[PDB]
Amino acid sequence: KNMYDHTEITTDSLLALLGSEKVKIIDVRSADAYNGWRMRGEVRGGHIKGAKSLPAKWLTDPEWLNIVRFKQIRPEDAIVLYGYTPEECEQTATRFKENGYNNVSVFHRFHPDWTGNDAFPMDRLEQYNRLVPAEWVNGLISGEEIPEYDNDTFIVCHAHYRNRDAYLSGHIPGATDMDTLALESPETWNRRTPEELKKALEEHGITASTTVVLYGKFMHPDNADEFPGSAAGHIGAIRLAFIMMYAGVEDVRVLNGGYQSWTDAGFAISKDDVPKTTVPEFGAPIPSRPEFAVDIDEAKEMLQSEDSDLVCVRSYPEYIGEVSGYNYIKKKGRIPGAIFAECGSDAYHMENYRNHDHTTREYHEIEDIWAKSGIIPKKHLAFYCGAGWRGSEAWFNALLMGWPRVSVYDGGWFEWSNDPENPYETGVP
Ligand SMILES: C[N+](C)(C)[C@@H](Cc1cnc[nH]1)C(=O)O
Ligand SMILES: [Cl-]
Ligand SMILES: [Cl-]
Ligand SMILES: [Mg+2]
């Protein structure tokens with residue numbers, strides 16, 4: 001065993017192992033490349049079919065070994081690493097060997113050999129171009145040619161909940177801030193009326209034909225604060241992406257991992273308070289995509305329909321009625337008949353849908369876990385949570401997979417429990 005010299009596996013050998021249950025093929029490129037972005041100009045992007053994502057970026061994470069174990073990558077597995085180059089794999093190969101993995105090989109010919117021949121199977125996140133890497137945003141704001149972009153009008157929007165300091169403390173150059181209160185009402189925590197959305201989008205400089213790039217800043221939400229949501233900026237960004245896509249912005253992108261991805265890439269930060277450039281007319285009837293939103297009467301119908309389900313994206317203490325999740329909800333319990341899809345640790349964290357760096361979790365893992373609960377694309381799914389934020393992030397993950405009938409039930413537990421006639425469950429199921 002040599003911690004620093006790694007066996008090469010040939011293309012022929014790896015081809016013969018694609019179906020092996022005992023082989024784990026590990027893509028150490030960025031998660032955005034794994035999803036399908038052609039980050040080196042390859043003609044076919046994505047990953048080797050069956051490969052898992054383990055970005056070499058994560059080697060500096062003190063919890064690296066726990067990430068690997070949670071991915072079910074075990075020492076008895078044969079580990080095959082690849083990246084754009086075998087040199088990109090060397091540190092990861094050594095890290096596996098230092099932690100008791102004795103069967104570790106490096107595949108040298110993923111690019112250009114594997115990517116370049118159409119008989120070598122690859123996979124990709126179907127709608128990966130909605131989930132953009134920092135390098136794409138940098139090219140956009142620099143006026144440079146970038147893939148998956150044919151527009152001439154864009155805006156980069158920094159989302160926050162009543163927390164302008166989230167933006168003023170550091171933001172992507174030229175970006176403007178959007179408080180989530182611009183597009184959702186504090187009375188209902190639902191999306192605002194069409195007339196309000198039209199005015200708010202126009203005042204923020206957004207037309208239906210503007211490419212809107214949304215991101216937020218994660219600032220370590222604390223349940224002891226009056227407004228922990230003010231620190232969950234990137235959930236808020238995906239919430240606004242949902243409302244904008246519902247409203248009719250044709251081209252909405254989300255920066256994968258939010259602000260952390262921008263600074264991790266080494267790009268310059270701005271603290272300017274950028275004034276808005278208003279536009280006079282949104283340019284499309286609102287809402288253009290009403291099917292993206294489900295309200296309570298439709299949600300009740302979906303609970304009675306075989307081809308439909310509500311998907312509860314809340315924490316386990318919320319689900320069993322231990323806590324409400326919120327300092328503004330007193331009632332505790334759950335909507336009867338929903339399928340549980342645990343979000344993470346509480347209302348302000350999405351650990352089960354994210355990596356430690358806040359990029360979206362490897363989509364195969366989300367897909368496979370969902371399938372175990374019957375959360376599958378042949379259904380009409382309405383994702384929901386307390387009041388729509390976490391549900392929007394789950395919804396966006398399904399949208400990225402190309403699922404054809406996914407919605408957010410906007411009202412969530414807030415609306416449901418606000419009517420004392422609605423039934424609810426509590427306790428361990
Ligand atoms: C709808 N507001 C903005 C009031 C929510 C947003 C939210 C974040 N994670 C769950 N919900 C809140 O901050 O509690
Ligand atoms: Cl966040
Ligand atoms: Cl619930
Ligand atoms: Mg709501």
Side-chain angles (χ1 to χ4, degrees), residues 158-163 166 178-192 214-223 225-240 242-243 254-261 296 299 303 309-329 331-351 353-360 382-394 408-417 422-426 429:
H158 184 140
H160 60 89
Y161 172 47
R162 57 180 295 158
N163 187 17
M178 185 179 281
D179 195 322
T180 56
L181 288 168
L183 302 195
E184 70 184 356
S185 164
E187 181 165 29
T188 58
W189 297 121
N190 277 0
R191 66 211 187 274
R192 294 186 179 274
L214 278 155
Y215 78 98
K217 184 182 300 187
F218 175 90
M219 303 171 74
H220 297 269
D222 183 339
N223 284 302
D225 289 321
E226 185 178 4
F227 300 110
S230 292
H234 200 59
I235 308 179
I238 299 170
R239 168 69 165 172
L240 295 191
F242 161 74
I243 297 175
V254 172
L255 172 57
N256 193 14
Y259 183 72
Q260 185 179 326
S261 294
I296 191 167
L303 290 168
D309 280 292
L310 309 188
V311 177
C312 170
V313 188
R314 297 176 72 203
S315 70
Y316 184 73
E318 289 169 85
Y319 185 70
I320 66 176
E322 254 168 22
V323 301
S324 74
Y326 299 92
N327 66 20
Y328 57 89
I329 301 183
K331 289 185 60 172
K332 308 188 264 176
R334 62 176 172 274
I335 301 185
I339 304 175
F340 188 47
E342 190 170 331
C343 72
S345 55
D346 59 26
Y348 298 101
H349 297 82
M350 295 285 291
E351 295 99 330
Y353 291 83
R354 297 188 174 186
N355 302 310
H356 290 176
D357 65 4
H358 303 294
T359 55
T360 64
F383 297 89
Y384 76 94
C385 52
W389 275 38
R390 292 174 283 174
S392 297
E393 181 162 342
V408 174
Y409 161 45
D410 201 356
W413 175 247
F414 182 77
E415 178 184 50
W416 187 274
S417 67
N422 285 331
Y424 62 100
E425 294 167 348
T426 200

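For reference, positions follow the sequence shown, starting with 1. Indexing begins at 1, ligand by ligand and atom by atom, following the structure's order. The figures that follow rest on heavy atoms only: side chains count, while hydrogens, waters and symmetry mates do not.
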Greater than 12 external heavy atoms within 6.0 Å of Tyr424's OH: no
For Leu303, the side-chain contact (heavy atoms from CB on, under 4.5 Å) test, sequence neighbours excluded, returns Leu310, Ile335, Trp416
Is there a side-chain contact between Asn422 and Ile296, using heavy atoms and a 4.5 Å cut-off? yes
Please list, chain by chain and in numerical order, all residues satisfying side-chain contact (heavy atoms from CB on, under 4.5 Å) with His349, sequence neighbours excluded. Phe218, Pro221, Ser345, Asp346, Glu351
Residues forming a side-chain contact (heavy atoms from CB on, under 4.5 Å) with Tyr328, sequence neighbours excluded: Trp189, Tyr326, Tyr348, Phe414
Name each N or O atom in ligand 1 that is under 3.5 Å from a protein N or O, and give the partner atom and the distance.
from     : atom 1 : to     : atom 2 : distance (Å)
ligand 1 : 9 (N)  : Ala347 : O      : 2.7
ligand 1 : 14 (O) : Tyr328 : OH     : 2.7
ligand 1 : 14 (O) : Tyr348 : OH     : 2.6

Does the pair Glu226/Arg162 count as a salt bridge with the N-to-O cut at 4.0 Å? no
